[PDB]
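Report on the following structure.
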Amino acid sequence: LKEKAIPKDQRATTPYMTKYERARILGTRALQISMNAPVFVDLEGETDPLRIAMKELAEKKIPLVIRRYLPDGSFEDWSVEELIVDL
Amino acid sequence: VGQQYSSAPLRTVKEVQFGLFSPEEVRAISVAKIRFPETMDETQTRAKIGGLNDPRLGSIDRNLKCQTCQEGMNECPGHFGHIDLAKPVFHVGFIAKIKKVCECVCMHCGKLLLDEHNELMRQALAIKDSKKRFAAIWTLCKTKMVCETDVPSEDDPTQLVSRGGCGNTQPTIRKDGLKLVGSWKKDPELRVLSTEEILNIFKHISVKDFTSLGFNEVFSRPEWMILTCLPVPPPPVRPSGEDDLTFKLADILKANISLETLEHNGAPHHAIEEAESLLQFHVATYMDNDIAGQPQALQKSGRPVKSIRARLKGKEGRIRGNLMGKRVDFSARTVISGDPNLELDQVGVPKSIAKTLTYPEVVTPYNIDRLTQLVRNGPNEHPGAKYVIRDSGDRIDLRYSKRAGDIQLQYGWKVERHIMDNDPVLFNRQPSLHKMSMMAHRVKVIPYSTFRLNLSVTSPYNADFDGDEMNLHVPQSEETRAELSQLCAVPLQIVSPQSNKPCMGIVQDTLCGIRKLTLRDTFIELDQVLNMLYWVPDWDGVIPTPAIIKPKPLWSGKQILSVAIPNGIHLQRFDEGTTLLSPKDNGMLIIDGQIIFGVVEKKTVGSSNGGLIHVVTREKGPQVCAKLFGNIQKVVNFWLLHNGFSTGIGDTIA
Amino acid sequence: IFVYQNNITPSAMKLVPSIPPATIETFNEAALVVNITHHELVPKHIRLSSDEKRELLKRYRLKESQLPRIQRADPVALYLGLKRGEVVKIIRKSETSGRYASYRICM
Amino acid sequence: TXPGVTXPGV
Amino acid sequence: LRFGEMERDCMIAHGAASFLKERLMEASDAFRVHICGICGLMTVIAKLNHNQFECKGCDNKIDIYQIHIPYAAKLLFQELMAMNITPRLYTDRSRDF
Amino acid sequence: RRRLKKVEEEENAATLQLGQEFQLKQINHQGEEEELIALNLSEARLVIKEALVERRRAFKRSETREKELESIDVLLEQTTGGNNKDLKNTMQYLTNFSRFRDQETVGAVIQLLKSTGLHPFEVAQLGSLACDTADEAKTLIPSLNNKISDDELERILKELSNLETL
Amino acid sequence: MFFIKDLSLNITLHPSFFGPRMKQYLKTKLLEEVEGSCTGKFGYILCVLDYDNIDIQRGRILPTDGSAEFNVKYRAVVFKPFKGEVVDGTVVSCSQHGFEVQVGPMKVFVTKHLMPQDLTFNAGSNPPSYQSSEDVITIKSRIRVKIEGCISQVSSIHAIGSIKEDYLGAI
Amino acid sequence: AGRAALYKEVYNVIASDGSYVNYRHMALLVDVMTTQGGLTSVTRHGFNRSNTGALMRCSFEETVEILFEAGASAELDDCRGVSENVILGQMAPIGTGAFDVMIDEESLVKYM
Amino acid sequence: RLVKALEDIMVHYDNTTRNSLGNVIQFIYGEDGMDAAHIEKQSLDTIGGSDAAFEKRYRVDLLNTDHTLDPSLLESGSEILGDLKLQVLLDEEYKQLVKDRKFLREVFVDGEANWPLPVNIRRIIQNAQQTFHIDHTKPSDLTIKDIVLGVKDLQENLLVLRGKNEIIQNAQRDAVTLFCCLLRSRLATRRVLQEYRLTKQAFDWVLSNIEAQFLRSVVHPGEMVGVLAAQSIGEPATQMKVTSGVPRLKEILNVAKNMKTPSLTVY
DNA sequence: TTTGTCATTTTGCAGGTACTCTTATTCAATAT
RNA sequence: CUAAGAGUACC
DNA sequence: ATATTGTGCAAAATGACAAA
Ligand SMILES: [Mg+2]
Ligand SMILES: [Zn+2]
Ligand SMILES: [Zn+2]
Ligand SMILES: [Zn+2]
């Protein structure tokens, strides 16, 4: 599993978050918020888990990492903080 | 209640390994030996011990538990039995394969005919994949009809190197019905290759020899292609009026008992051979009733027996009818009707359909109040809740529970409530050729029996309102809801990857009305202008200066339409013969959201590349493009309502 | 390379594989009247070296079978003298991007 | 063909 | 309503894998079945209340896993088993990608 | 392999077939291979004591037989909780049959057996079995039969008994 | 015998538990679950080494569930009895069939068929013991036993020991 | 050149009636058809004769024969295909499933 | 049939297009790595026109007068004339444009100028012109060195493949060559200073938005392009001397040795 | 002798959803 | 129930 | 008196002839 993990200094994948990655992060975070996860962003009164997760992603307070699997089984760990939500 | 808690670790299937049952594995896994063809005992009220419906294989009644696992019918996967075959029979699907394998292997010594000494055999054995190896080995060893106990020396064809050959004559093997006939070359002599001798010769194939034939040493050995023990599937596979498979297994048991009695009592070889062929036929038709050439096994009612192969194959089989495509819950289907007043991403859902389709909302401190209110409302009005799922899995039906009083919601429970406004729902029209034919809409609960959708979105669905039915699916988890809203949303599907151009556009009344409104003749007075401006929801609130101030304040249609067009949009299309002046008012020039010139028609607001829809969705985003759709439709439909359009017989008269 | 007029007797075809590493390639004149690599449907085929093939497999993380296949009877493969396991780079004038590079492994 | 209009063949 | 093959294909094109899984499992047929890590067959007697898992033949009791598969998948596997074909389901990789 | 059902030789310490997962070399959590070090009663006791005191210090920041029994009971109740009846029993067993006292004794023992360079199972068994006669130990451990000389095992047991304290 | 070995445990955490103390929760749940447990693959697991930084790794969220699956890799001390292994212990009880000896955390039952005939059960002496012509085996007495048979029982590993062989008994 | 001619034929079929499809779709089709060194039919005697997994091969055509052949050859299905995970009812390695989401303890502590 | 054949094709995180077996179908999706929805038809201005029109549109000479520029077009219009370093920059820019012209004529034999490319440069130019209120009379603030270096840096900043080895870098250059030809055709010194009359901030904003839009047009790994392609081919067929329509599509998918109308074209 | 090489024979079925209705269960001689 | 059949709706 | 059994085609394959 050491060989599987590509070191962080030579990740060759896009630093931008994909639409599928954004969708899965939002769904995962909304499900966690619905099941009483701690909220890391201050609430402006909103109650919808999906928009809570959207606000969390806007200011990068989602504590998740994407394990992107290369076809050979190697993976790269991209933290949600360092990913760029352009779309 | 679903399935109760199991301490076993929960994994996902990473690999699926195929193979054949060894007879000893069949005997080791089977929890009962089936000997009596009868399904019910003489009392006609219980399942007979040792019959085809043994309680050890699974309970045929909901009342009683399975005798093996002591679990209900909901939990019991069904445990296999075994029928001990008096004489081996061919597996019908493998007969051809068997015919190949026995044609690659000496029928006496059980060794592969052409070893590595033959020239083309290094090439054949060097093939990587199993199927191609077997094909090459077979197409080379089928033409060799002698075991060749002595082969030419590899170094030189002068001395002879002896391998482990016996030198017997390999017959020519053909298939008649469900058996194999071998004609030995005349030293022809024809006799039926008995299954017992074929099994014996398959058991003598060396590990190296049958691993070079594509067979695995652990998962699929060639001698497992001959059936010596039949695994009896549990009653779940053949639920009860007995199933076709139950009657076929009864026939197999009857033939097995007949052959056993004939062998025990002693009989002419003709009766023994006939009983053996009958047992083989029953096994084969149990596994495959569509054997070419042979007559079908007819059921009690004179119809062909439903074999296992029939249950698997076809459109309505297991794979294509219950696994690739299956009937799903939380789905609705009804007639669609048009609604110009609904947003592009909005769909009108009948109030009864909303009252039936339910979404589970996790009870959270953030939404405890509204969930409590919905539980108070109940399932008889919208909005409301239909079920309350407890953390233990127990389910409280809002019907029949109002007697007990108010239910105190606890965090972590689920309130399965009627779908409300702004809920993402998948919306489909079948056949649904492309991905745009299945898109995520927002619910708008309406009081009539038809689905209501925007007119533009009917174009990607290929939907009319001449009785067309459409399907609605409700996601039941936050993850599916979120990925539906962020991936399958109608605004995100505006630009089609199919032709890198928008798939939705202005259609039908709105297109004609926008052409009529943007003509230079169209001048709108103050009152109609105010009404049209108010109909644009995102209108900034400032009344544009009229195009004509004296002697009467008049606004042109382009000026009012440009209010819907978002600020900062530049479009410049030159039609045939158009100039910077537009004598014909063709082409299009929009500068900063204001229509400088051009009649707005299909080439501008339709589903075209470089049109207003494409430019707006590429410049301001999909949400702004959908809002543009709504605003343009609203303003143009109001103007066309108060201007009028028709067609008559006089329109066809020159 | 043996260039023949009409055909090679099958009795002579069997002895075509000589002692390795020598390889005998037989070509018909009729098939070589018109060069196939000058057709515009035919892109540019460049044989890769073993070092280049190793680098290509390392960088793309590929196994031998995962590369696109080219038969060892294809007219271009015979033209360039491909042997099994050798990878050819294909330079193609694509219309989405100006230049596209493919890699095909001989079978 | 097809089916319809197996294969050919099979 | 029939969530047909080409509806599944449209969902695959949308990239909504979780929605497709929810349609095929939670909405239509979800079945928890016990297998063992020695033989992938589902011949695992699981007395859940007694917390006793036993695969006869393999003679193992501490190498049992549970998998969520559609009941149609279980029926297909059991019909394949009745047809002398073993669909061994394993929860780990024996070959690298 | 993934053989359906398993056929293997029965485990036996005498024949040095300790098991497929008790081999000489094991892959550590760092991914490399290290020799499977086997701990005798004294060295294992010291290792357990070190782990327990480290856990006690982490929780805080976040010798005679009877006094040792009292100390281990108090420490077990402190750093650990319930379901330690087995742990209490084995700690009491180690306290009773403790062949060496402190870090110095067990360190000298482990370095001397490192100079001996025999099987980790065998050396830890020798450190656990306070045998007296060398041929007696050979009979006790069939894994030592026809492997080590009589006099060398006798003398190393002599230095082990010299390092034997209390 | 006592060894130290590399083990891994899969722990499932509810979404509600991902507070700033997730590492402490995982460490707490690894304890009380594997500390002092008994499995057939590794025998008795008694304690865990290197508690300061237990390798917890990242932790994968189960799809459509939300819970996290952590593959915690740790070093654990194990006591796996082996066939034909000589080990010391202390006697704890006696009976007609034999006597039980406390070896580590487990009880080993040496049967009266495995004792010499002169060594006979004696109930007149209190507590009942086993007395021979040369030595007596009493409660809380040291004795070495050679385990020759271990029957794999997950709830509590049971082993068959003997003192029949030469130099097997009281030291 | 066969792939180029195939793309031209498919493009002519699509664009004969004035319709337009982006180059990448037809290019993907023709590349799939010519990835094996020869013209692979979209029929059962071409794309379903590829060792791409028994379960996803059986969902198209000749289901039971494919199962029988896979059992005889003891094929290993690595469950990388979409149809395998559809049949087994698990998240396919597609779209949202083409990666794994994991929780970072250090980032979670770092936020507070 | 088409959907089943292509159901396992996916774009992976190394931008390669692979099936379930891991076999590479395309080393980059669509041979350009761009999402189809982010593609618009744009005109390649270098391939079209005549040599004289091409020179007048692109060639700028700081020494002679046949193709000189108006000094009033930019601020330091009187100091650039006679310069040698800036002349070297112009020389390499025009040489690159001529190379691009030859390349584009090679790629498209018919000289078709309107092709689908990801980022609409024209719309960005128009938006910058409207946002910064180009008065089209004041001399431009841009320096020619700024134009050339900014175009080169923007080309270096258009990343489709993020690898750090020769193979991945070469693949990136091959993947972006056509878009770079379009970019050099649009953002040329003469065109920027004369036809569009950018300013310094307007030019920098144009560069930034081109980079952002190109990075946004890149295909997202995890995209199920096989099913998308199968549906995008099958659905137009539902709207459908030489066989065409459904029979020809089936003769193409069903690779048949004998077809209804075998025709051969000789030039 | 083979060793491929050229004339008979051997297979395997029809898109997607959805609605309603109607009919039907081997017929009859024979032993218990 | 089940199987079969027929007739429809929109593609 | 009731249950029991009497319409649109190319792959493969395969024997009955020639090349060595
Ligand atoms: Mg219609
Ligand atoms: Zn059961
Ligand atoms: Zn033989
Ligand atoms: Zn098993």
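By order of appearance in the structure tokens: chains A, B, ..., then residues from 1 within every chain, and ligands from 1 in the order shown.
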
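Among all protein and nucleic acid residues, the ones that lie within 8 Å of ligand 2 when counting only C-alpha atoms (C1' of nucleotides) and all ligand atoms are residues 56, 57, 58, 59, 65, 66, 67, 68, 69, 70, 71, 72, 73, 75, 76, 77, 78 and 79 of chain B; 45 of chain E.
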
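Restricting the atom set to only C-alpha atoms (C1' of nucleotides) and all ligand atoms, one finds that the residues within 8 Å of ligand 1 amount to residues 463, 464, 465, 466, 467 and 468 of chain B; 10 and 11 of chain K.
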
Cut-off 10 Å, only C-alpha atoms (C1' of nucleotides) and all ligand atoms, neighbours of ligand 3 as an MDAnalysis selection string:
chainID B and resid 105:113 146:149 164:170

Just write the chosen residues, N, CA and C atoms, as a PDB file, in the first residue's frame.
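Listing of result35.pdb after writing:
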ATOM      1  N   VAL B 105      -7.677 -35.666 -25.658  1.00  0.00           N
ATOM      2  CA  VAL B 105      -7.061 -36.552 -24.682  1.00  0.00           C
ATOM      3  C   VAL B 105      -7.246 -37.987 -25.151  1.00  0.00           C
ATOM      4  N   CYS B 106      -6.208 -38.803 -24.979  1.00  0.00           N
ATOM      5  CA  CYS B 106      -6.308 -40.210 -25.336  1.00  0.00           C
ATOM      6  C   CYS B 106      -7.389 -40.882 -24.502  1.00  0.00           C
ATOM      7  N   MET B 107      -8.274 -41.610 -25.174  1.00  0.00           N
ATOM      8  CA  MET B 107      -9.434 -42.208 -24.527  1.00  0.00           C
ATOM      9  C   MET B 107      -9.090 -43.412 -23.666  1.00  0.00           C
ATOM     10  N   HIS B 108      -7.836 -43.851 -23.658  1.00  0.00           N
ATOM     11  CA  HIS B 108      -7.418 -44.984 -22.846  1.00  0.00           C
ATOM     12  C   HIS B 108      -6.433 -44.590 -21.758  1.00  0.00           C
ATOM     13  N   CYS B 109      -5.363 -43.876 -22.108  1.00  0.00           N
ATOM     14  CA  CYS B 109      -4.341 -43.522 -21.133  1.00  0.00           C
ATOM     15  C   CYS B 109      -4.626 -42.214 -20.408  1.00  0.00           C
ATOM     16  N   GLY B 110      -5.564 -41.409 -20.894  1.00  0.00           N
ATOM     17  CA  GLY B 110      -5.864 -40.142 -20.252  1.00  0.00           C
ATOM     18  C   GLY B 110      -4.731 -39.139 -20.278  1.00  0.00           C
ATOM     19  N   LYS B 111      -4.047 -39.009 -21.411  1.00  0.00           N
ATOM     20  CA  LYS B 111      -2.978 -38.036 -21.571  1.00  0.00           C
ATOM     21  C   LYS B 111      -3.178 -37.290 -22.882  1.00  0.00           C
ATOM     22  N   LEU B 112      -2.728 -36.039 -22.909  1.00  0.00           N
ATOM     23  CA  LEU B 112      -2.938 -35.201 -24.079  1.00  0.00           C
ATOM     24  C   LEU B 112      -2.103 -35.717 -25.248  1.00  0.00           C
ATOM     25  N   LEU B 113      -2.708 -35.740 -26.436  1.00  0.00           N
ATOM     26  CA  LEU B 113      -2.110 -36.402 -27.592  1.00  0.00           C
ATOM     27  C   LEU B 113      -0.811 -35.755 -28.054  1.00  0.00           C
ATOM     28  N   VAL B 146      -4.087 -41.244 -33.026  1.00  0.00           N
ATOM     29  CA  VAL B 146      -3.286 -42.298 -32.410  1.00  0.00           C
ATOM     30  C   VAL B 146      -2.468 -41.675 -31.286  1.00  0.00           C
ATOM     31  N   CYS B 147      -2.261 -42.443 -30.211  1.00  0.00           N
ATOM     32  CA  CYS B 147      -1.652 -41.879 -29.010  1.00  0.00           C
ATOM     33  C   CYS B 147      -0.161 -41.605 -29.190  1.00  0.00           C
ATOM     34  N   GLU B 148       0.494 -42.281 -30.138  1.00  0.00           N
ATOM     35  CA  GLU B 148       1.888 -42.009 -30.495  1.00  0.00           C
ATOM     36  C   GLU B 148       2.818 -42.188 -29.290  1.00  0.00           C
ATOM     37  N   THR B 149       2.950 -43.451 -28.879  1.00  0.00           N
ATOM     38  CA  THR B 149       3.813 -43.791 -27.752  1.00  0.00           C
ATOM     39  C   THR B 149       5.273 -43.418 -27.985  1.00  0.00           C
ATOM     40  N   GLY B 164       5.241 -41.048 -22.438  1.00  0.00           N
ATOM     41  CA  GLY B 164       4.341 -41.955 -21.753  1.00  0.00           C
ATOM     42  C   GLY B 164       3.087 -42.291 -22.533  1.00  0.00           C
ATOM     43  N   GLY B 165       3.243 -42.748 -23.776  1.00  0.00           N
ATOM     44  CA  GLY B 165       2.099 -43.099 -24.585  1.00  0.00           C
ATOM     45  C   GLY B 165       1.788 -44.584 -24.562  1.00  0.00           C
ATOM     46  N   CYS B 166       0.529 -44.908 -24.850  1.00  0.00           N
ATOM     47  CA  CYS B 166       0.074 -46.290 -24.881  1.00  0.00           C
ATOM     48  C   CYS B 166      -0.185 -46.805 -26.289  1.00  0.00           C
ATOM     49  N   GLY B 167      -0.312 -45.921 -27.273  1.00  0.00           N
ATOM     50  CA  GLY B 167      -0.431 -46.338 -28.653  1.00  0.00           C
ATOM     51  C   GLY B 167      -1.808 -46.783 -29.088  1.00  0.00           C
ATOM     52  N   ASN B 168      -2.828 -46.615 -28.252  1.00  0.00           N
ATOM     53  CA  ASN B 168      -4.173 -47.011 -28.633  1.00  0.00           C
ATOM     54  C   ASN B 168      -4.719 -46.088 -29.719  1.00  0.00           C
ATOM     55  N   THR B 169      -5.826 -46.511 -30.320  1.00  0.00           N
ATOM     56  CA  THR B 169      -6.445 -45.784 -31.419  1.00  0.00           C
ATOM     57  C   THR B 169      -7.488 -44.824 -30.862  1.00  0.00           C
ATOM     58  N   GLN B 170      -7.356 -43.552 -31.202  1.00  0.00           N
ATOM     59  CA  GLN B 170      -8.335 -42.560 -30.780  1.00  0.00           C
ATOM     60  C   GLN B 170      -9.516 -42.556 -31.742  1.00  0.00           C
TER      61      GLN B 170
END

Set the distance at 10 Å and use only C-alpha atoms (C1' of nucleotides): which residues neighbour residue 207 (chain B) once local chain neighbours fewer than 6 positions away are removed? I'd like the list as a ChimeraX atom specification.
/B:213,215-217,221

Quick one: residues within 7 Å of ligand 4, with only C-alpha atoms (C1' of nucleotides) and all ligand atoms, as an MDAnalysis selection string?
(chainID E and resid 36:41 43:44 55:58) or (chainID F and resid 4)

Chain D near region 2-14 of chain L within 6 Å: what's each residue's closest atom pair and its distance in Å to one decimal, counting only C-alpha atoms (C1' of nucleotides), ordered by chain then ascending residue number, as JSON lines?
{"residue": "D:1", "atom": "CA", "partner": "L:8", "partner_atom": "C1'", "distance": 5.8}
{"residue": "D:5", "atom": "CA", "partner": "L:8", "partner_atom": "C1'", "distance": 5.6}
{"residue": "D:8", "atom": "CA", "partner": "L:10", "partner_atom": "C1'", "distance": 5.2}
{"residue": "D:9", "atom": "CA", "partner": "L:10", "partner_atom": "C1'", "distance": 5.3}

From the DSSP assignment of the backbone, select every residue of region 85-166 of chain F that is alpha helix (DSSP H), and format the answer as a count of residues only.
55

Do me a favour and pick out the residues of chain I within 8 Å of chain H, using only C-alpha atoms, as a PyMOL selection string.
chain I and resi 1-2+4-8+10+19-21+25-26+29-31+36+221-226+228-230+232-233+236-237+240+244-245+248-249+252-255

Export of the given selection (N, CA, C and O atoms) as a compact mmCIF listing (two decimals), in the first residue's frame:
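File written: out_2.txt
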# COMPACT_ATOMS: atom_id res chain seq x y z
N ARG I 1 -27.24 -2.25 -28.64
CA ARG I 1 -25.95 -2.86 -28.96
C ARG I 1 -24.80 -1.88 -28.77
O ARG I 1 -23.76 -2.22 -28.19
N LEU I 2 -24.98 -0.64 -29.25
CA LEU I 2 -23.94 0.37 -29.11
C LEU I 2 -23.66 0.68 -27.65
O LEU I 2 -22.50 0.79 -27.25
N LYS I 4 -24.15 -1.23 -25.03
CA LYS I 4 -23.48 -2.35 -24.40
C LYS I 4 -22.01 -2.43 -24.79
O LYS I 4 -21.17 -2.78 -23.97
N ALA I 5 -21.69 -2.09 -26.05
CA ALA I 5 -20.30 -2.15 -26.49
C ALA I 5 -19.44 -1.11 -25.78
O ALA I 5 -18.26 -1.35 -25.51
N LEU I 6 -20.01 0.06 -25.47
CA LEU I 6 -19.24 1.18 -24.94
C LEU I 6 -19.55 1.48 -23.48
O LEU I 6 -19.17 2.54 -22.98
N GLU I 7 -20.23 0.57 -22.78
CA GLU I 7 -20.72 0.90 -21.44
C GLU I 7 -19.61 1.00 -20.40
O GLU I 7 -19.84 1.59 -19.34
N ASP I 8 -18.43 0.46 -20.68
CA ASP I 8 -17.35 0.43 -19.70
C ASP I 8 -16.23 1.42 -20.02
O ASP I 8 -15.21 1.43 -19.32
N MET I 10 -14.41 4.90 -19.89
CA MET I 10 -14.41 5.98 -18.91
C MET I 10 -13.13 6.80 -19.04
O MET I 10 -12.09 6.29 -19.47
N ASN I 19 -11.28 1.16 -20.70
CA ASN I 19 -12.43 0.31 -20.44
C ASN I 19 -12.25 -0.41 -19.10
O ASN I 19 -11.36 -0.09 -18.31
N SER I 20 -13.10 -1.40 -18.84
CA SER I 20 -13.08 -2.10 -17.56
C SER I 20 -11.78 -2.87 -17.37
O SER I 20 -11.29 -3.00 -16.24
N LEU I 21 -11.22 -3.41 -18.45
CA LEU I 21 -9.96 -4.14 -18.36
C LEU I 21 -8.77 -3.24 -18.10
O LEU I 21 -7.67 -3.75 -17.84
N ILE I 25 -8.20 3.04 -24.63
CA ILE I 25 -8.90 3.28 -25.89
C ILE I 25 -8.35 4.53 -26.57
O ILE I 25 -8.00 4.51 -27.76
N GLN I 26 -8.27 5.63 -25.83
CA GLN I 26 -7.65 6.86 -26.29
C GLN I 26 -6.74 7.36 -25.18
O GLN I 26 -7.12 7.36 -24.01
N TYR I 29 -8.92 12.00 -23.98
CA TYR I 29 -10.30 11.91 -24.44
C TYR I 29 -10.54 12.82 -25.63
O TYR I 29 -10.19 14.00 -25.60
N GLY I 30 -11.15 12.27 -26.67
CA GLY I 30 -11.44 13.05 -27.86
C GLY I 30 -10.22 13.61 -28.53
O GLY I 30 -10.33 14.56 -29.32
N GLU I 31 -9.04 13.06 -28.23
CA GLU I 31 -7.77 13.50 -28.79
C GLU I 31 -7.43 14.94 -28.41
O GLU I 31 -6.43 15.49 -28.87
N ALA I 36 -17.28 17.90 -24.19
CA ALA I 36 -17.98 18.26 -25.41
C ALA I 36 -18.88 19.47 -25.21
O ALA I 36 -19.04 20.29 -26.12
N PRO I 221 -12.42 13.77 -15.04
CA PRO I 221 -12.22 12.33 -14.86
C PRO I 221 -13.37 11.71 -14.08
O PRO I 221 -13.90 12.29 -13.13
N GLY I 222 -13.74 10.50 -14.49
CA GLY I 222 -14.97 9.88 -14.07
C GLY I 222 -16.10 10.01 -15.07
O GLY I 222 -17.15 9.38 -14.88
N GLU I 223 -15.92 10.80 -16.12
CA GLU I 223 -16.95 10.98 -17.14
C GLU I 223 -17.12 9.69 -17.93
O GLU I 223 -16.15 9.14 -18.46
N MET I 224 -18.36 9.20 -18.01
CA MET I 224 -18.67 7.98 -18.74
C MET I 224 -18.89 8.33 -20.21
O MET I 224 -20.01 8.42 -20.71
N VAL I 225 -17.77 8.52 -20.91
CA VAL I 225 -17.82 8.98 -22.29
C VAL I 225 -18.26 7.89 -23.25
O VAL I 225 -18.74 8.20 -24.35
N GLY I 226 -18.11 6.61 -22.88
CA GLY I 226 -18.57 5.55 -23.76
C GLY I 226 -20.08 5.55 -23.93
O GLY I 226 -20.59 5.48 -25.05
N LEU I 228 -22.06 8.06 -23.26
CA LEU I 228 -22.39 9.33 -23.90
C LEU I 228 -22.24 9.23 -25.41
O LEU I 228 -23.11 9.67 -26.17
N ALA I 229 -21.13 8.64 -25.87
CA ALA I 229 -20.91 8.49 -27.30
C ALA I 229 -21.93 7.55 -27.93
O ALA I 229 -22.45 7.83 -29.02
N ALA I 230 -22.23 6.44 -27.26
CA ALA I 230 -23.20 5.50 -27.80
C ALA I 230 -24.57 6.14 -27.94
O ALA I 230 -25.24 5.97 -28.97
N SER I 232 -25.16 9.42 -28.15
CA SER I 232 -25.04 10.50 -29.12
C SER I 232 -24.97 9.99 -30.55
O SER I 232 -25.17 10.77 -31.48
N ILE I 233 -24.65 8.72 -30.74
CA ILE I 233 -24.71 8.14 -32.08
C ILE I 233 -26.07 7.51 -32.35
O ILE I 233 -26.64 7.68 -33.43
N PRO I 236 -29.41 10.29 -32.92
CA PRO I 236 -29.62 10.85 -34.27
C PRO I 236 -30.11 9.83 -35.28
O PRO I 236 -30.82 10.21 -36.22
N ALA I 237 -29.75 8.55 -35.13
CA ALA I 237 -30.27 7.53 -36.03
C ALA I 237 -31.78 7.40 -35.91
O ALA I 237 -32.45 7.03 -36.88
N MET I 240 -33.47 9.43 -38.44
CA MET I 240 -33.23 9.09 -39.84
C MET I 240 -34.45 8.41 -40.45
O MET I 240 -35.46 9.06 -40.71
N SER I 244 -27.83 4.39 -47.05
CA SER I 244 -27.66 5.33 -45.95
C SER I 244 -28.69 5.01 -44.88
O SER I 244 -29.44 4.03 -44.98
N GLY I 245 -28.72 5.83 -43.84
CA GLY I 245 -29.68 5.64 -42.78
C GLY I 245 -29.41 4.39 -41.97
O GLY I 245 -28.27 3.98 -41.76
N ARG I 248 -27.25 1.30 -43.49
CA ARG I 248 -25.80 1.51 -43.55
C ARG I 248 -25.18 1.53 -42.16
O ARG I 248 -24.07 1.02 -41.97
N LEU I 249 -25.88 2.09 -41.18
CA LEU I 249 -25.40 2.02 -39.80
C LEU I 249 -25.31 0.57 -39.34
O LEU I 249 -24.35 0.18 -38.67
N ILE I 252 -22.31 -1.00 -40.88
CA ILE I 252 -21.07 -0.53 -40.28
C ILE I 252 -20.84 -1.19 -38.93
O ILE I 252 -19.74 -1.66 -38.64
N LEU I 253 -21.87 -1.22 -38.08
CA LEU I 253 -21.72 -1.85 -36.77
C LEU I 253 -21.62 -3.36 -36.90
O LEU I 253 -20.75 -3.98 -36.27
N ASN I 254 -22.49 -3.97 -37.68
CA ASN I 254 -22.36 -5.38 -38.05
C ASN I 254 -21.35 -5.44 -39.18
O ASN I 254 -21.71 -5.21 -40.34
N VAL I 255 -20.10 -5.75 -38.87
CA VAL I 255 -19.06 -5.68 -39.88
C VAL I 255 -19.30 -6.83 -40.85
O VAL I 255 -18.91 -7.97 -40.60

Would you mind listing, for every residue of chain K within 10 Å of chain B, the two atoms forming the shortest contact and the distance between them in Å to one decimal, using only C-alpha atoms (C1' of nucleotides), sorted by chain and ascending residue number, as JSON lines?
{"residue": "K:1", "atom": "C1'", "partner": "B:241", "partner_atom": "CA", "distance": 9.0}
{"residue": "K:2", "atom": "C1'", "partner": "B:241", "partner_atom": "CA", "distance": 9.1}
{"residue": "K:3", "atom": "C1'", "partner": "B:303", "partner_atom": "CA", "distance": 9.2}
{"residue": "K:4", "atom": "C1'", "partner": "B:303", "partner_atom": "CA", "distance": 9.8}
{"residue": "K:9", "atom": "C1'", "partner": "B:467", "partner_atom": "CA", "distance": 7.4}
{"residue": "K:10", "atom": "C1'", "partner": "B:468", "partner_atom": "CA", "distance": 5.2}
{"residue": "K:11", "atom": "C1'", "partner": "B:431", "partner_atom": "CA", "distance": 7.0}
